[PDB]
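Coming up is one lone chain in structure tokens, specifically the form deposited in one PDB entry.
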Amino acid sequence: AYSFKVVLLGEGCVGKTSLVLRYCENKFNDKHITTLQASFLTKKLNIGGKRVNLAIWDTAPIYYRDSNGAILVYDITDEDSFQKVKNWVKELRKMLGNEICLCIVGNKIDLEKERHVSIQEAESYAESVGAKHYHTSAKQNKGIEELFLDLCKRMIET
């Protein structure tokens, strides 16, 4: 059975912790500060027969060490959060081998009426650095099951 390590990256306030809490426990709160009550949480999967042990890491070399995939999140309502995405890529590449499966993720899509990131622009940067781009809303639970499933499959292929 497959054992994968996945790290969450990006600026504060974008929804990194909400994403892990939503995926792993189906909880979401916008009333107080959320903090992961562990270094990582475990999720088990079955993909076309085979089992997958997933360890999802969050933070408020030990962190980067032994990672197979990476989830780099920005906030669709906030252009600075996106423009800082490139700093994290040019830190992920310093820490780890360019063999790691990277996701770039536009979170908070329930707030579309307040969008400030260009979809074209975001998807273009993703392709140029070899990664895939995804849209999520932790609040409404949209796009998240698909993000983790596709990442798991990508890590299985290489």
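Sequential numbering from 1, following the sequence displayed. So that the term is clear: the rigid core is the largest set of C-alpha atoms that superpose within 1.5 Å between two forms.
This protein has a second form, the form deposited in another entry, left out of what is shown; the following refers to that one.
In a core superposition between the shown form and the other one, the Cα of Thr35 is the only one among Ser128, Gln120, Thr35, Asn26 shifting by 2 Å or more. Inter-residue distance, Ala38 to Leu8 (Cα): reduced by at least 3 Å in the other form versus the depicted form. In the other form, the CA atoms of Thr136 and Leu36 sit farther apart than in the displayed form, by at least 3 angstroms.
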